[PDB]
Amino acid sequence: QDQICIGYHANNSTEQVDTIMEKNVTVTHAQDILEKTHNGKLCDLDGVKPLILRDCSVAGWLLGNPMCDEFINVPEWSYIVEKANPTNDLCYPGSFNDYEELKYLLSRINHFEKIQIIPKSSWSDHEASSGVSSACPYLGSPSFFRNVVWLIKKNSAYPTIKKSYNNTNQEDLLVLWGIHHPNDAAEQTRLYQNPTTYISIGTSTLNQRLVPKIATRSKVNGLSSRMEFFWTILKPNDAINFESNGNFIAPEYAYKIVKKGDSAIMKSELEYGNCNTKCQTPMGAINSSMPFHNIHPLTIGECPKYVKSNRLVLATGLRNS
């Protein structure tokens, strides 16, 4: 005689998944949709290679820390890597105005082209080669930032400067300058003769006037003196005008912005891996087709979607026993 039966698949897979009502339920086929693996390396993002400041901050890079010459001229970059606590920041103590806002601009640029907008030679009536500290040493000898220039008196005289400058390029200039805040009145005359000074700076948009604050402060890097830096963006066809009678750390090199685009500033301790990816996190890169990952929320490139879980498995088959 004959019977006939109806039944389903079972097999040799050990792979549990979860439902709303029961956990660790073994099934036949199961798909994993969470990627949990990186390569622990900092890669190029599609062939264009990152800017990895090493022990430099953005400030030391942009201003020209003489410990930062690796980055005197930096090619087009895909994203930037800064350490948590870069050792080479402001070697002469002070501050950098609107610093996080400028770091925010940087997350939207892929290429600067440094250009010299006022030659160190062009300074006829002031000294422009004696503006150097021990707090900014270059190879043991007293140096200073390369991109700005610390002008001082010549022949016991700081005649008032009027330097204008017209951006005739097709690109915005990032332009940096600063003021020097002396430690005392004696220092102020030793350096600039005139006891009472200022720096005015104007564009179409910027209208500032800076006076230095002479004052006793704690020592940092050996000094009680401070340097305070300011920056602006020069629009194509606009001029920047500087007039000052002392304490003026004049620009010398500025940056053309020749590639805005999508970038990021990554805080990471890692260093250049020598690879290529389409998706980068600060603890390594990801090569995965998975729609999700749980590595790290800050990410750049064509990326799986970050998620906090350590386990996402989707059931395809049926119950197995």
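Numbering starts at 1 and runs along the sequence shown.
Asks: So 213 to 221 or 77 to 85, which one's hotter by mean CA B-factor in the entry?
Replies: The recorded data point to 213 to 221.
Asks: If you take the mean CA temperature factor per stretch, which one wins between 5 to 13 and 296 to 304?
Replies: In the deposited entry, the stretch with the higher C-alpha B-factor mean is 5 to 13.
Asks: Can you tell me which of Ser288, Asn65, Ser268, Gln280 has the highest Cα temperature factor in the record?
Replies: Result of the comparison over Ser288, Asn65, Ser268, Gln280: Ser288.
Asks: Going by the entry, which of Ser244, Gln170, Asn97, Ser129 has the most elevated CA B factor?
Replies: In this record, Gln170 carries the highest C-alpha B-factor of the candidates.
Asks: Which third, lowest, middle or highest, does the CA B-factor of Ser107 fall in along this chain?
Replies: As the PDB entry reports it, the C-alpha B-factor of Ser107 lands in the lowest third of its chain.
Asks: Looking at the temperature factor on the CA atom of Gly261, which third of the chain's modelled residues does it land in?
Replies: Lowest third - that is where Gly261 ends up once the chain's C-alpha B-factors are sorted.
Asks: Classify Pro159 as lowest, middle or highest third according to the C-alpha B-factor given in the PDB entry, relative to its own chain.
Replies: Ranked within chain, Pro159 CA B lands in the middle tercile.
Asks: Compared with the other modelled residues in the chain, in which third is the CA B-factor of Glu35?
Replies: Highest third of the chain for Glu35's C-alpha B-factor.
Asks: Ranked by Cα temperature factor within the chain, is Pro195 in the lowest third, the middle third or the highest third?
Replies: According to the entry, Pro195 has a C-alpha B-factor in the chain's highest third.
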